[PDB]
Amino acid sequence: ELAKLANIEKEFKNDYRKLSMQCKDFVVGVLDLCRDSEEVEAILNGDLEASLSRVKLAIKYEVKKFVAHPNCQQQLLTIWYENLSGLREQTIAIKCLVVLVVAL
Amino acid sequence: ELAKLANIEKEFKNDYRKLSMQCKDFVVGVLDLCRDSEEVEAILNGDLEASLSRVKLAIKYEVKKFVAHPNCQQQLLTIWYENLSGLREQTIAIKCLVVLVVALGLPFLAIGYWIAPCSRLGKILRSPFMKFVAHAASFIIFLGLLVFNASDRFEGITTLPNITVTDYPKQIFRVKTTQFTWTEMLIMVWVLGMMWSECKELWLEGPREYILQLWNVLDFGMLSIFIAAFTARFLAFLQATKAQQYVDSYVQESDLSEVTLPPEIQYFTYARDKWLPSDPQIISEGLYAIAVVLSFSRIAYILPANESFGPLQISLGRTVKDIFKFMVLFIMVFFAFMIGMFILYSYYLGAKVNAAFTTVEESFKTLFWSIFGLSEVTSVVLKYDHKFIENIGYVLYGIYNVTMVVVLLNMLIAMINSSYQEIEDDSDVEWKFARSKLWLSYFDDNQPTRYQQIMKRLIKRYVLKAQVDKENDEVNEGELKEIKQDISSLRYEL
Amino acid sequence: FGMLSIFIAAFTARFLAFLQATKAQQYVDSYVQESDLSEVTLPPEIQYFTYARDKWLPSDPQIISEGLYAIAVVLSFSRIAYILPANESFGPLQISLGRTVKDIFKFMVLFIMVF
Amino acid sequence: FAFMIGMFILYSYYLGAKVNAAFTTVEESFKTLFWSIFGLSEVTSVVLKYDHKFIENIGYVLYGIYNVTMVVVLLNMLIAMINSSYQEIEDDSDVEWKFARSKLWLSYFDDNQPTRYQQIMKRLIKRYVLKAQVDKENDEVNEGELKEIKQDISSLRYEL
Ligand SMILES: CCCCCC(=O)OC[C@@H](COP(=O)(O)OCCN)OC(=O)CCCCC
Ligand SMILES: CCCCCC(=O)OC[C@@H](COP(=O)(O)OCCN)OC(=O)CCCCC
Ligand SMILES: CCCCCC(=O)OC[C@@H](CO)OC(=O)CCCCC
Ligand SMILES: CCCCCC(=O)OC[C@@H](CO)OC(=O)CCCCC
Ligand SMILES: *[C@@H]1O[C@H](CO)[C@@H](O)[C@H](O)[C@H]1NC(C)=O
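Residue numbers (full-length UniProt numbering), protein chains in the order written: chain A, 317 to 365, 377 to 431; chain B, 317 to 365, 377 to 772, 843 to 891; chain C, 547 to 661; chain D, 662 to 772, 843 to 891.
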């Protein structure tokens, strides 16, 4: 809402953009404090009672530091390799062998 | 350990790199506090009960500020001039006189070196600085031999290429062009020696050490190109000797131009107009022309031992190491436009103004030379009407000339980010970590101990300095807590 | 979507070029009554499909096909931008390139006026 | 110098049969490699009249490596020049320029009981010492008051 009023006012341009930074830094400062994996998997998707709903909603609003934080990146990486799990730390030669085998 | 976990995690990348800075700054802060020379010579090499063990271990781990600190640099400088000791502060003219004298008297040095235990000049020649000057002088005499070999043609060749000329009619012509001269023998002796030294180093260092450094592979490739060129020259010499042994036996004439020869032996009478396009002579000239250009890249072994041209080289190495990421992206756009330009103009080989774009090699040639402003517009125009084809050609060639400039612009601006990142007090440090590495290439070839007492004194001084700085970091809070506790006693007494 | 449409337009032009040559072949194989097609001359509409590339009409479906097919192959190597962000070394390069290309156009509009 | 010696060693035997007269002597090879950095040179100095295509391709490759290397060196020069501007910072160009012009001006000017001078110098040094002590006292205000009230609390403990 603040980031859309910034494009409609254009004279109080810097003030709404100064308030949107507080609205983003609150979320990043909450994200920092989580310790167990249950707290991370309670923040990144909402109340259930995958499906990464808050992350897919933070793409639309472009909150870059909420997605570029390590506590979200490790949760995305454990989905990006969700059955391979030994290729997660290998050389680029082993990765090129994979794409050559699949392309063949 | 922290700097190796940083390359394996890659999500907690900044944290391990933040911890490695503390692990390095502890060592630098310990190094600061040493006062006598015994403490410096107790830190820089470990407990003995030269051999600079901690310095040689700080090269491997790349701790740049531990080697670029002055208390280590003075200890390395007192080894780098360990018998000269008056040359330590002299002008550059006196230093150039030294390298000129040693470059002149190079063949006297082995005669003076078998004497060396009986000579004070033998110990005065076995210092690291004299070894460095000797290797530099030998490599300069090598380039001098190449340029002098290239001599006698500096103002043109004297004849025409298709005309032959020999000492006598009997001599076959192909011998005189391929036989050896005295300077090429010295080149042959010199290349084998450098190949032998690199052969010894590869056997001891191992393949991983050779493969790890890009510079080692460049040197070894230059030596191999020299050897291949001389083998091609020798194969060219042998067949001419065989033809001369044929003619001098079975000639039975007055001149070799009088009676015609069998046609295999007839081929070795022709000038350069009629040689086969895969002649060993031609291959020899090509590879020998590549190797001479590659053999002036060896001055990078010399240049870091100088203050003025020192930090220049480091920035040049950084920019050359940072170009290749842009180069890989530029290859994709280049390949796209060359495949499109080849698919367009391939059917018009017979009817064009210029011979460009009609084959893949020529399209590669035109799109490569078009980025240096050395190309024509009139490669695009053709002879027939077909104006749709010609306008699509103009449009695609214009899009290419705009795209290369944009990519170039992006490269320059990204280069600026590195300078801002460099900030200050690092080029001086980085350059020092260059030259010391170069110096360490030549140095080679109950009741506690004294060492533990010295180390205990150093750690005690570090703890005391840290507590003094922590106490002076916050002065008011202790006094306020003390006067609050005093007000507690004043409330208890009143 | 534009790259895909340019491909489809080029192949439709090629097919329109193929149909008329099939019509001329079905004419000649029916009404030829000769030994070779070079022997007896033809009606002049069917005669046109014997010429080489020197005498084609400047709006031939073949020429349009070659031009659009030459544009589409150049446009079809811009799809590697879907691949490149999944890599650490060529990752932050692309982003700066996208930023500079997005920032050129404001200068380009001002350059068009002077030009 | 590296590229000119290589280009001279390559094309020296082909003086009679080339399109252009370039690279066939040291003076001419110097000329071509000097004017090639200002985009005032031809590709057709490399091509020759005979077949010998190995020689011609090595010529094209070395000339391309030269044209890339000069641009890289040039790029390095420009970026290193930027470091000096960042180092210059502010309040120095104005100062440096003044130290120019005054030098120019000084080229033309040419052709017991203490003295007055020592009284003036004594007054100046006294003012410098006083200003330094005032700035050092105002650099740390709270610590003297806390030490004074601690010493006053000592007397309050002695009296009570
Ligand atoms: C300009 C190219 C010269 C390359 C080497 C170089 O700069 O070093 C200059 C001195 C060696 O330096 P020092 O150890 O005396 O220290 C220089 C002090 N700034 O002497 C040499 O190392 C020069 C050896 C060359 C003689 C043939
Ligand atoms: C250099 C162009 C290659 C484009 C893709 C690319 O860089 O990605 C490299 C890997 C994928 O990366 P990962 O997810 O394994 O992570 C890389 C870790 N730095 O493998 C690929 O995605 C490559 C697929 C191409 C094979 C045909
Ligand atoms: C637009 C229609 C151009 C008509 C074709 C013609 O005859 O020449 C014009 C052509 C050749 O110079 O223009 C260009 O170079 C295109 C540059 C585009 C920049 C993104
Ligand atoms: C690689 C093989 C090239 C074949 C030789 C030929 O016929 O022309 C290609 C040659 C001349 O343009 O290419 C170059 O300019 C080389 C540039 C290299 C950049 C580091
Ligand atoms: C050699 O080439 C020159 C070129 O002008 C020509 O005049 C001459 O006749 C040629 N000589 C022979 C022997 O072919």
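A virtual CB, placed ideally from N, CA and C, is assigned to each residue, including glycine.
Residue ranges of uninterrupted beta strand (DSSP E) with 3 or more members are absent from the segment 578-658 of chain B; none lies entirely inside it. Within 8 Å of the C-beta of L709/D there is not a single heavy atom belonging to ligand 5. Against chain B, the CB of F691/D has no partner CB under 9 Å away; the residue lies outside that interface.
Residue burial annotation: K692/B is buried, with at least 16 other C-beta atoms found within 10 angstroms of its C-beta. Rounded to the nearest whole angstrom, the C-alpha separation of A627/C and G637/C is 10 Å. Taking the CA atoms as reference points, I629/C sits about 18 Å from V428/A. Pairing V655/B with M852/B, the inter-Cα distance amounts to about 52 Å.
Within the same chain, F664, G667, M668 and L671 come within 8 Å of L723/D by CB-CB distance, once the 5 residues on both sides are set aside. Within 7 Å of the CB of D753/B, no CB atom of chain D is found; the nearest one sits about 11 Å away. A residue is called buried when at least 16 other Cβ atoms come within 10 angstroms of its Cβ; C339/A does not meet this threshold and is exposed. Proximity to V734/D across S622/B, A322/B, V344/B and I650/B peaks at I650/B, based on C-alpha coordinates. Near chain A, meaning a CB-to-CB distance below 7 Å, the residues of the segment 319-331 of chain B are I324, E327 and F328. For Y332/A, the Cβ stays outside the 8 Å cut-off from all heavy atoms of ligand 4.
With a threshold of 16 other beta carbon atoms within 10 Å, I442/B falls short and is exposed.
In the structure shown, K497/B falls within a coil segment according to DSSP collapsed to helix, strand and coil. Rounded to whole angstroms, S380/A and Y388/A show a C-alpha spacing of 13 Å.
With a contact defined as Cβ atoms closer than 8 Å, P488/B and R599/B qualify at about 5 Å. Cβ neighbours of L321/A within its own chain (closer than 7 Å, five residues either side excluded): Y332. Distances from the CB of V460/B to the heavy atoms of ligand 1 include at least one below 8 Å. For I629/C, the distance from the CB to the nearest heavy atom of ligand 2 is below 8 Å.
Looking only at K497/B, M549/B, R535/B and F500/B, the smallest Cα-Cα distance to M522/B is reached by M549/B. Within 9 Å of the CB of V733/B, the CB atoms of chain C belong to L643, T646, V647 and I650, in sequence order along the chain. By the beta-carbon neighbour count (other beta carbons within 10 angstroms, threshold 16), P631/B is buried. Beta-bridge partners of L709/D (DSSP): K679/D. Closer than 9 Å to the CB of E416/A there is at least one CB belonging to chain B. Counting along the chain, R858/B sits inside the alpha helix (DSSP H) bounded by residues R847 to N869.
Taken through DSSP and simplified to helix, strand or coil, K326/A comes out as coil. The straight-line gap separating the alpha-carbon atoms of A683/D and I484/B is approximately 13 Å. Look at the segment 698-717 of chain B: the residues with a C-beta under 9 Å from a C-beta of chain C are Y711, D712, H713, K714, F715 and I716. Rounded to whole angstroms, the gap between the alpha carbons of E751/D and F760/D is 16 Å. Residue selection by CB proximity (closer than 6 Å to any heavy atom of ligand 3) returns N718/B, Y721/B, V722/B, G725/B, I726/B and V729/B in chain order. Per DSSP, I698/B lies in no alpha helix (DSSP H) segment and is marked neither H nor E. At least one heavy atom of ligand 1 is found less than 8 Å from the C-beta of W407/B. Secondary structure at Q566/B: helix, using DSSP grouped into helix, strand and coil. The three-state secondary structure of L739/D, taken from DSSP, is helix.
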